[PDB]
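In the block that follows, a single chain appears as structure tokens, in the form deposited in one PDB entry.
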């Protein structure tokens, strides 16, 4: 009965949240900020580029000019873009490709609900572009935890958020799905994502049949 699945990209479709963390940590360290560790990174996962830089600057109460802000965000993006040039279809997380094929087979809409402006490039690297019905443009969207990206993804495929399931690996993204009206299914540790939603240990658990059951049970 759900008519759409709204996929986050980084950390759900492939291991790209890890490279974003590495590049942000590298950027932070260059400007003398050392607090970007894996614990702090849980607050940055799924957050847009500019909002992530601001969260990093805030950690140390540092202020930069509008021109230095743009230079810093660009430097980090340049590093990250270099890091992902070799991303291949072998990097698609287990179960994701089969889920995309089964959702297609059952006429269920597929949308990307990513904050990443590098999303289209990554889907191309992974030969996944053709499995997506729409990509919610991040460029008309407020950063997660705001529900904006998930609301935009659902409507990009002509479905209401209430008729959709959202898949996420981050604290900000889970909250975004929750406020969108869509049903969240997290992937990761219960210590990071919480105990109130349905959570799976790895993406191999994201099957069409599991998604149908979670949906049957929300009722």
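Positions refer to the first chain, counted from 1. Throughout, rigid core stands for the largest set of C-alpha atoms superposing within 1.5 Å between the two forms. Only residues modelled in both forms are compared.
Omitted from view is the form deposited in another entry, to which the following refers.
J.: Report the residue, chosen from 52, 164, 180, 170, for which the CA moves 2 Å or more between the shown form and the other one after the rigid core is overlaid.
T.: The listed residue whose C-alpha shifts by at least 2 Å is 52.
J.: Say whether the C-alpha atoms of residue 154 and residue 48 sit closer together or farther apart in the other entry than in the form shown here, given that their separation changes by 3 Å or more.
T.: Residues separate in the other entry, at least 3 Å farther apart.
J.: With the core fixed, which bits of the chain, 3+ residues long, show every Cα moving 2 Å or more between the shown form and the other one?
T.: Run shifting 2 Å or more: just 17 to 85.
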